[PDB]
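Taking it in order: structure first as structure tokens, then the write-up.
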Amino acid sequence: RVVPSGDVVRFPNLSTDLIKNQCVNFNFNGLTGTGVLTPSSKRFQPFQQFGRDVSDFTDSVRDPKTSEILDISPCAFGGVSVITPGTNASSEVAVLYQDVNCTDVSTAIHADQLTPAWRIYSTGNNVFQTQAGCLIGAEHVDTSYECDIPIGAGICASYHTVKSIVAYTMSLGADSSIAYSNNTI
Amino acid sequence: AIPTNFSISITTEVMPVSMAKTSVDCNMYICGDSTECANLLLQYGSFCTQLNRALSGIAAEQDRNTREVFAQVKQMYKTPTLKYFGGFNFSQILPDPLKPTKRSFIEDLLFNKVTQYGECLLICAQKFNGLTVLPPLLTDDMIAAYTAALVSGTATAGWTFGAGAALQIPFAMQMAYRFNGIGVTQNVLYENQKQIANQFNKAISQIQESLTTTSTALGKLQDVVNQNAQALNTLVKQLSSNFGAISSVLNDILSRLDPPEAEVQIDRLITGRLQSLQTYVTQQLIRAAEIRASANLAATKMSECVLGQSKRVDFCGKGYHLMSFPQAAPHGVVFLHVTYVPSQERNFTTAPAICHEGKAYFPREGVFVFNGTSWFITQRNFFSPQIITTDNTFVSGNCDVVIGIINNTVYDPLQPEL
Amino acid sequence: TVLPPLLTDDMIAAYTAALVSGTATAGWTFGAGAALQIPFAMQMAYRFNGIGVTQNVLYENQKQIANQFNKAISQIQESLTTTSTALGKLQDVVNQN
Amino acid sequence: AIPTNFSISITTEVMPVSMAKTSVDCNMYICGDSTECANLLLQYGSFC
Amino acid sequence: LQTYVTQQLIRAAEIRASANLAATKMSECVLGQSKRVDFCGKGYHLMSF
Ligand SMILES: *[C@@H]1O[C@H](CO)[C@@H](O[C@@H]2O[C@H](CO)[C@@H](O[C@@H]3O[C@H](CO)[C@@H](O)[C@H](O[C@H]4O[C@H](CO)[C@@H](O)[C@H](O)[C@@H]4O)[C@@H]3O)[C@H](O)[C@H]2NC(C)=O)[C@H](O)[C@H]1NC(C)=O
Ligand SMILES: *[C@@H]1O[C@H](CO)[C@@H](O[C@@H]2O[C@H](CO)[C@@H](O[C@@H]3O[C@H](CO)[C@@H](O)[C@H](O[C@H]4O[C@H](CO)[C@@H](O)[C@H](O)[C@@H]4O)[C@@H]3O)[C@H](O)[C@H]2NC(C)=O)[C@H](O)[C@H]1NC(C)=O
Ligand SMILES: *[C@@H]1O[C@H](CO)[C@@H](O[C@@H]2O[C@H](CO)[C@@H](O[C@@H]3O[C@H](CO[C@H]4O[C@H](CO)[C@@H](O)[C@H](O)[C@@H]4O)[C@@H](O)[C@H](O)[C@@H]3O)[C@H](O)[C@H]2NC(C)=O)[C@H](O)[C@H]1NC(C)=O
Ligand SMILES: *[C@@H]1O[C@H](CO)[C@@H](O[C@@H]2O[C@H](CO)[C@@H](O[C@@H]3O[C@H](CO)[C@@H](O)[C@H](O)[C@@H]3O)[C@H](O)[C@H]2NC(C)=O)[C@H](O)[C@H]1NC(C)=O
Ligand SMILES: *[C@@H]1O[C@H](CO)[C@@H](O[C@@H]2O[C@H](CO)[C@@H](O[C@@H]3O[C@H](CO)[C@@H](O)[C@H](O)[C@@H]3O)[C@H](O)[C@H]2NC(C)=O)[C@H](O)[C@H]1NC(C)=O
Ligand SMILES: *[C@@H]1O[C@H](CO)[C@@H](O[C@@H]2O[C@H](CO)[C@@H](O[C@@H]3O[C@H](CO)[C@@H](O)[C@H](O)[C@@H]3O)[C@H](O)[C@H]2NC(C)=O)[C@H](O)[C@H]1NC(C)=O
Ligand SMILES: *[C@@H]1O[C@H](CO)[C@@H](O[C@@H]2O[C@H](CO)[C@@H](O[C@@H]3O[C@H](CO)[C@@H](O)[C@H](O)[C@@H]3O)[C@H](O)[C@H]2NC(C)=O)[C@H](O)[C@H]1NC(C)=O
Ligand SMILES: *[C@@H]1O[C@H](CO)[C@@H](O[C@@H]2O[C@H](CO)[C@@H](O)[C@H](O)[C@H]2NC(C)=O)[C@H](O)[C@H]1NC(C)=O
Ligand SMILES: *[C@@H]1O[C@H](CO)[C@@H](O)[C@H](O)[C@H]1NC(C)=O
Ligand SMILES: *[C@@H]1O[C@H](CO)[C@@H](O)[C@H](O)[C@H]1NC(C)=O
């Protein structure tokens with residue numbers, strides 16, 4: 001998850017300013033929680049004050065202070081999978097940050113608001129964005145092979161000699177071709 | 001009763017192969033930005049470990065299912081240029097290189113007739129309840145690539161196409177063996193070639209115009225998406241269950257009343273959701289067992305109907321099986337059972353036995369009927385009267401043993417040598 | 001409570017009696033398509049060269065076969081007459097629920 | 001070895017098909033003519 | 001009641017696999033001469049009922 005750094009408390013005419021695009025611990029008027037703030041475009045009415053999901057979750061807000069439409073989002077979360085070529089092969093790993101924006105993970109890692117973190121860890125300048133999520137610790141070659149370690153969306157990970165951990169698009173097989181005729185057999 | 005003529009039908013079959021994989025976070029489901037939720041969670045074991053790996057384990061076996069269906073060939077055969085072989089017009093079945101979408105026109109129907117939770121689309125987004133759908137491994141064009149490769153290689157070899165490395169054979173000759181497989185002489189194909197090709201290419205368009213307008217033949221697929229969305233909606237509905245506590249709002253109980261009061265109230269609430277999450281897991285788990293059992297049937301049909309002629313009746317659809325064809329679809333496949341169906345029956349009078357000079361002459365194969373003038377031999381699949389010689393009829397034992405013997409003669413080619 | 005099924009046993013017997021009656025007339029296109037008509041012995045003879053026996057063995061030994069046919073049926077009939085000892089599977093499903 | 005005579009067996013097989021379908025009412029099971037049973041299950045969704 | 005329904009549900013799906021075998025044994029075993037071994041009973045199958 002991502003540590004909520006920031007607090008926005010507002011009331012109509014104590015009050016604080018408007019943080020956007022940061023996981024903050026907001027407190028609107030009778031509206032609490034954490035999340036990331038951003039402006040909205042939802043067509044309110046003069047008596048609307050805050051919207052909801054079709055589930056039991058408020059998703060948008062109207063400012064008590066300045067009467068502006070903002071939609072709220074949950075902060076950031078997801079799971080972590082660990083990639084390894086085997087302790088017998090090597091000793092370096094790579095991680096997948098499952099279903100999360102690589103624009104934001106790169107932001108939060110330099111500010112170091114990621115839980116859990118580690119002692120000895122760095123980026124390595126190999127941030128690739130998969131459809132399955134954020135890959136850190138592998139270089140993107142453009143060749144094709146069989147799928148050793150699948151991650152998703154046809155992308156598989158492997159450990160070739162270049163030796164390092166590589167990510168690529170799968171080889172479906174050899175593109176054979178054979179003729180057709182009406183005499184040949 | 002013997003049929004004289006026939007028809008050729010293309011019977012359809014839709015079988016689902018794969019369930020949409022899910023995952024659920026604990027803390028973004030049961031806690032909701034509550035530190036004391038996690039502080040109370042530590043007295044409930046590391047349940048999130050097996051709750052993750054159960055759904056991940058069945059997520060992995062979904063991709064086990066798909067490659068158990070498709071990943072069988074070793075050579076990606078290229079789409080041939082000509083799409084019209086011996087009067088048989090396959091052009092709407094292969095994907096179009098002229099308008100590259102890597103789908104057939106038939107498949108483009110299927111990606112339309114089938115037409116909350118976290119999901120990524122290329123922008124990812126996640127909702128509040130810590131649950132999402134992981135995307136499948138094999139993307140659809142990749143699946144459509146295996147789809148196009150097998151049907152292409154189907155029309156060129158067949159058996160060595162199923163026995164590993166394929167071969168080349170003329171497509172009409174491979175048709176005639178399938179007639180020879182069900183006991184039809186190969187001339188019958190050769191002497192009815194335009195009529196069959198008419199009956200083939202009309203029946204595709206008759207099928208093509210059938211499923212185009214209306215629907216619910218595909219109902220075996222959309223229910224799958226309809227059932228588990230209800231299962232997802234079931235879990236989301238359960239958030240308003242108060243379980244005998246104050247309310248389903250943790251923050252009120254955090255704000256109104258004392259923590260020694262609250263930590264039996266939210267404790268009553270946490271055990272409500274945690275028990276509720278187990279029920280979702282178990283029904284999700286047992287359902288994955290059923291579709292995987294259905295997938296093993298589908299993978300069996302892929303190798304026993306497409307890569308070879310079968311013989312078991314009412315398998316591969318009704319009628320005498322001739323040739324099968326796969327079609328890709330979301331979470332499933334569609335088979336095309338090109339089958340043989342005879343027609344035009346008549347009445348004829350039998351002859352089990354033939355009395356000629358006190359001996360019993362029984363046919364090597366076929367039976368004997370009186371057409372009205374004399375006696376003839378034919379096969380059971382098709383009315384082809386032929387001449388009665390020793391070439392198709394052995395002798396064993398004398399006459400006057402069995403029931404129903406006929407006084408008639410046997411032609412022998414020894415006679416005109418005199 | 002128990003809901004009643006959609007079909008009665010008599011309706012199930014209606015399919016059962018029809019197919020058994022329809023077994024003795026066509027056989028293969030009986031289910032593959034439209035029905036046909038064949039004498040029963042000729043239909044029996046296809047089973048022999050189906051498994052690799054010439055049709056004389058039927059046509060010679062027809063009395064012995066038919067007497068092996070009907071008499072073993074009555075032996076099956078008296079097998080499921082005295083004591084059950086066989087239909088425990090249908091007793092199991094009633095015992096389960 | 002080549003057989004000469006034969007025998008025509010009649011082998012049976014018995015397969016189950018249909019489990020007896022059931023149904024059940026909640027208030028005739030959990031409540032039993034009570035009111036506050038039905039009046040307090042409102043915090044439990046629609047389980048029935 | 002909840003654990004009844006799930007435990008009712010498993011044996012529901014259990015016999016449905018058994019009914020599929022019956023659906024196989026209704027068509028393939030009766031409507032035509034099968035050739036596969038020890039299916040349709042023991043011995044060389046001729047006729048089913
Ligand atoms: C093999 O079968 C395929 C069909 O699977 C067949 O290809 C078809 O050819 C016809 C014409 O030869 C195509 O019909 C036209 O398609 C275009 C675009 O799809 C339409 O715009 C056309 O509409 C015009 O013409 C209509 C008829 O007069 C008018 O009513 C209309 O207003 C337009 O002016 C017309 O529908 C058809 O699309 C293709 N189908 C495919 C899938 O490509 C092919 O000819 C067959 N070949 C052999 C060798 O058997
Ligand atoms: C392969 O085995 C079959 C077994 O079915 C066999 O067919 C049998 O052939 C014998 C030849 O003797 C038949 O036996 C006699 O048949 C007459 C016909 O009516 C009966 O009346 C006789 O009954 C007398 O003997 C019985 C036994 O002692 C007494 O109980 C009775 O009161 C009579 O005294 C006698 O059984 C026999 O009937 C057939 N079987 C059938 C079912 O018809 C066949 O011959 C064998 N093949 C070879 C090559 O040996
Ligand atoms: C049952 O089988 C019978 C098999 O013989 C059928 O009889 C045959 O029916 C066909 C109909 O297609 C006739 O075939 C035609 O015959 C004419 C005339 O042939 C005569 O002329 C030539 C030339 O002068 C001469 O050389 C011949 O010897 C004939 O005398 C042909 O010109 C046509 O091309 C065509 O082949 C047969 O002639 C006829 N055979 C006999 C012996 O009658 C019968 O119709 C069948 N019945 C049913 C109900 O199916
Ligand atoms: C609640 O009260 C606050 C003030 O305490 C209001 O904020 C005020 O909003 C107006 C319009 O958004 C601002 O007016 C603008 O001022 C600039 C410079 O003075 C002028 O050039 C513009 O033409 C415009 O009129 C005003 O500055 C701002 N005041 C402060 C202190 O920020 C707020 O609008 C009130 N809430 C509602 C719903 O009205
Ligand atoms: C992660 O979040 C960032 C937002 O911080 C997303 O970046 C946004 O990406 C979209 C396209 O994917 C950009 O939209 C484009 O904008 C230009 C001009 O602004 C317009 O001409 C294009 O037609 C298109 O609409 C957007 O500018 C960009 N915003 C920022 C701040 O970078 C990103 O897509 C998210 N990634 C995932 C995987 O969710
Ligand atoms: C076996 O059955 C097939 C299927 O019915 C028969 O082929 C069809 O025969 C009919 C007449 O017997 C043909 O209809 C005619 O079509 C032409 C052209 O459209 C039209 O001008 C006529 O007025 C009439 O409607 C039909 O075209 C034909 N179909 C094909 C694909 O050839 C066949 O004759 C039967 N053969 C035997 C030996 O029983
Ligand atoms: C089919 O053809 C066979 C042979 O051409 C016919 O069988 C013959 O039936 C006659 C009865 O009229 C038998 O004749 C008898 O022969 C003995 C010999 O001494 C004589 O003493 C009797 O007074 C009587 O004439 C003849 O033996 C018999 N031949 C054979 C080879 O079995 C048969 O009848 C024909 N089928 C039909 C339905 O007519
Ligand atoms: C049999 O003939 C086929 C075509 O008639 C041959 O296939 C071609 O083989 C050559 C090399 O031998 C390749 O360069 C071509 O690309 C092949 N054709 C296609 C369409 O791919 C095949 O090799 C021949 N085999 C033998 C044993 O003679
Ligand atoms: C590791 O792999 C090497 C070959 O690369 C092999 O010889 C060795 O037995 C393996 N050892 C272990 C512990 O897996
Ligand atoms: C065959 O004969 C039956 C009566 O035995 C009759 O009902 C039927 O219509 C006949 N069919 C043909 C095609 O001759």
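Every chain in the structure tokens has a letter given in the order shown (A, B, ...), and although residue numbers restart at 1 in each chain, ligands are simply numbered from 1 in the order shown.
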Please list as a PyMOL selection string every residue within 12 Å of residue 25 in chain E, counting only C-alpha atoms and excluding residues in the same chain fewer than 2 positions away. (chain B and resi 312-315) or (chain D and resi 13-15) or (chain E and resi 18-23+27-34+39-41+48-49)
For C-alpha atoms, I'd like the residues from the last selection saved as a compact mmCIF listing (two decimals), in the first residue's frame.
```txt
# COMPACT_ATOMS: atom_id res chain seq x y z
CA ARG B 312 -19.04 -42.73 -32.15
CA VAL B 313 -22.53 -41.59 -33.12
CA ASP B 314 -24.08 -38.49 -31.40
CA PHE B 315 -20.60 -37.47 -30.41
CA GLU D 13 -25.23 -51.74 -15.29
CA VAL D 14 -27.11 -49.39 -12.97
CA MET D 15 -26.45 -45.67 -13.06
CA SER E 18 -22.28 -39.26 -13.60
CA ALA E 19 -25.25 -38.21 -15.71
CA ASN E 20 -22.87 -37.15 -18.49
CA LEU E 21 -21.56 -40.70 -18.49
CA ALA E 22 -25.16 -41.89 -18.75
CA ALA E 23 -25.71 -39.45 -21.61
CA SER E 27 -26.34 -42.65 -27.24
CA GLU E 28 -22.96 -44.22 -27.95
CA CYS E 29 -23.69 -47.53 -26.26
CA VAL E 30 -27.27 -48.17 -27.43
CA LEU E 31 -27.86 -46.34 -30.70
CA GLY E 32 -24.82 -47.90 -32.35
CA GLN E 33 -22.35 -50.73 -32.09
CA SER E 34 -19.51 -49.50 -29.92
CA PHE E 39 -17.29 -49.94 -22.21
CA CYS E 40 -20.85 -51.22 -22.81
CA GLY E 41 -20.08 -54.06 -20.39
CA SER E 48 -27.81 -52.74 -25.55
CA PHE E 49 -31.13 -52.00 -23.87
```
Could you please extract the residues within 8 Å of ligand 6, counting only C-alpha atoms and all ligand atoms, and hand them back as number ranges by chain? B: 4-7, 194-199, 343-344
For residue 43 in chain E, please output as a PyMOL selection string all residues within 12 Å (counting only C-alpha atoms; exclusion window: fewer than 3 positions along the same chain). (chain C and resi 51) or (chain D and resi 6-11) or (chain E and resi 34-40+46-47)
Could you dump the residues just selected with N, CA and C atoms as a compact mmCIF listing (two decimals), in the first residue's frame?
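The resulting file, selection.txt, is reproduced below:
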```txt
# COMPACT_ATOMS: atom_id res chain seq x y z
N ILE C 51 -18.10 -57.21 -35.37
CA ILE C 51 -17.00 -57.70 -34.56
C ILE C 51 -16.17 -58.74 -35.29
N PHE D 6 -19.39 -70.63 -28.21
CA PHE D 6 -19.52 -69.29 -27.69
C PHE D 6 -20.57 -69.28 -26.60
N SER D 7 -20.96 -68.08 -26.19
CA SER D 7 -21.92 -67.82 -25.13
C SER D 7 -22.34 -66.37 -25.23
N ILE D 8 -23.60 -66.10 -24.95
CA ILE D 8 -24.16 -64.77 -25.08
C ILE D 8 -24.53 -64.29 -23.68
N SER D 9 -23.69 -63.44 -23.11
CA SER D 9 -23.95 -62.93 -21.78
C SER D 9 -24.89 -61.74 -21.84
N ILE D 10 -25.49 -61.44 -20.69
CA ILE D 10 -26.32 -60.24 -20.53
C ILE D 10 -25.78 -59.52 -19.30
N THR D 11 -24.89 -58.56 -19.52
CA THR D 11 -24.27 -57.82 -18.43
C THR D 11 -25.11 -56.58 -18.14
N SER E 34 -20.78 -50.04 -30.38
CA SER E 34 -19.51 -49.50 -29.92
C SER E 34 -18.39 -50.48 -30.23
N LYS E 35 -17.16 -49.96 -30.22
CA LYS E 35 -15.99 -50.79 -30.45
C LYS E 35 -14.98 -50.72 -29.32
N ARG E 36 -15.12 -49.80 -28.39
CA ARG E 36 -14.14 -49.62 -27.34
C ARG E 36 -14.32 -50.66 -26.25
N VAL E 37 -13.21 -51.03 -25.62
CA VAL E 37 -13.14 -52.22 -24.79
C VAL E 37 -13.65 -51.91 -23.39
N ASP E 38 -14.53 -52.78 -22.87
CA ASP E 38 -15.03 -52.85 -21.49
C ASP E 38 -16.00 -51.71 -21.18
N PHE E 39 -16.11 -50.76 -22.09
CA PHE E 39 -17.29 -49.94 -22.21
C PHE E 39 -18.41 -50.82 -22.78
N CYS E 40 -19.65 -50.43 -22.49
CA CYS E 40 -20.85 -51.22 -22.81
C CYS E 40 -20.81 -52.62 -22.20
N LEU E 46 -22.73 -56.49 -28.56
CA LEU E 46 -23.63 -56.58 -29.69
C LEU E 46 -24.75 -55.57 -29.59
N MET E 47 -25.54 -55.63 -28.53
CA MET E 47 -26.78 -54.89 -28.49
C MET E 47 -27.06 -54.48 -27.06
```
Neighbours of chain C in chain D at 7 Å, counting only C-alpha atoms, as a PyMOL selection string: chain D and resi 8+16+19+21-24
Sorted by chain and rising residue number, which residues of chain A lie within 8 Å of chain B, and what are their closest atom pairs and distances in Å to one decimal, counting only C-alpha atoms, as a Markdown table?
```
| residue | atom | partner | partner_atom | distance |
| --- | --- | --- | --- | --- |
| A:33 | CA | B:33 | CA | 7.0 |
| A:34 | CA | B:33 | CA | 6.9 |
| A:54 | CA | B:116 | CA | 7.5 |
| A:55 | CA | B:236 | CA | 7.0 |
| A:56 | CA | B:239 | CA | 7.7 |
| A:57 | CA | B:128 | CA | 7.3 |
| A:73 | CA | B:127 | CA | 7.5 |
| A:74 | CA | B:128 | CA | 5.5 |
| A:77 | CA | B:130 | CA | 7.8 |
| A:78 | CA | B:25 | CA | 7.1 |
| A:79 | CA | B:25 | CA | 7.8 |
| A:99 | CA | B:124 | CA | 6.4 |
| A:100 | CA | B:124 | CA | 6.1 |
| A:101 | CA | B:124 | CA | 6.1 |
| A:131 | CA | B:120 | CA | 7.2 |
| A:132 | CA | B:135 | CA | 6.7 |
| A:150 | CA | B:137 | CA | 7.3 |
| A:151 | CA | B:137 | CA | 7.2 |
| A:152 | CA | B:137 | CA | 4.3 |
| A:153 | CA | B:137 | CA | 4.5 |
| A:154 | CA | B:138 | CA | 5.1 |
| A:155 | CA | B:137 | CA | 7.6 |
| A:172 | CA | B:76 | CA | 7.2 |
| A:173 | CA | B:76 | CA | 5.6 |
| A:174 | CA | B:75 | CA | 5.0 |
| A:175 | CA | B:76 | CA | 4.6 |
| A:176 | CA | B:77 | CA | 5.3 |
| A:177 | CA | B:77 | CA | 5.6 |
| A:178 | CA | B:168 | CA | 7.3 |
| A:179 | CA | B:168 | CA | 7.1 |
| A:180 | CA | B:168 | CA | 6.6 |
| A:181 | CA | B:170 | CA | 6.4 |
| A:182 | CA | B:170 | CA | 5.1 |
| A:183 | CA | B:170 | CA | 6.9 |
| A:184 | CA | B:169 | CA | 6.7 |
| A:185 | CA | B:169 | CA | 5.0 |
```
